[PDB]
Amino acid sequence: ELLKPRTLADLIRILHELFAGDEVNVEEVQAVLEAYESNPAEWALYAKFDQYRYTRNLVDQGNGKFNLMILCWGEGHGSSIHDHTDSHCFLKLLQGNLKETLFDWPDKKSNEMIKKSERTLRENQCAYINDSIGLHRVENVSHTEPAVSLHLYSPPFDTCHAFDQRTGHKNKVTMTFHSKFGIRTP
């Protein structure tokens, strides 16, 4: 039974239930994430920005099966084109807007990676990606408004690949946490 999360803490409790088993009901998790109405006071602790790039701020370590984190995107900050390491990845906007550009997996041949589509993710929307859907780049294209997003990955992963848009060639990247549970982790 899926109920509206009343608060971020409540959402987290609900996620622990949704991931209590071995499989993941993506549409249910997405619906639950979308249903949480972003309340800045509840996540201010995790919203630690860096002037130069987006930050990843661990919120909950999950139950072995998932991780929940907050990403903070300064004006003009964006990601590489990347995959998600065989994990489910949910992205819910808590503040601002993000542009998501989708790309197909490249062929072995070196070639320009051309976008298959793009969309604007708006406050409170929850998007979902996995490797079967494709690769993506996520960017805050705003000149004036920072963005904050809530990301859920299952299983947890701490590496992915970044892709060279000009060639499709990939390089492994180890992902780091800017903070964990509200504590800066240099």
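For the two forms, the rigid core is made up of the largest set of C-alpha atoms that agree within 1.5 Å on superposition. Just count from 1 along the sequence shown to find any residue number.
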(request) Report the stretch with the higher root mean square CA deviation, pooled over structures and residues in 4 other deposited structures of this protein, choosing between 39-47 and 58-66 after a rigid core fit. (result) 58-66
(request) Look over 106-114 and 81-89 in the entry and identify the one with the greater average Cα temperature factor. (result) 106-114
(request) Tell me which of 148-156 and 25-33 has the higher mean C-alpha B-factor in the deposited entry. (result) 25-33
(request) Tell me which of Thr55, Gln51, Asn130, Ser142 tops the list for C-alpha B factor in the record. (result) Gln51
(request) Taking the values exactly as deposited, rank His161 by C-alpha B-factor within its chain and report the matching third: lowest, middle or highest. (result) middle
(message) Which third, lowest, middle or highest, does the C-alpha temperature factor of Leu18 belong to within its own chain?
(response) middle
(request) Relative to the other modelled residues of the same chain, rank the CA B-factor of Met175 and answer lowest, middle or highest third. (result) highest
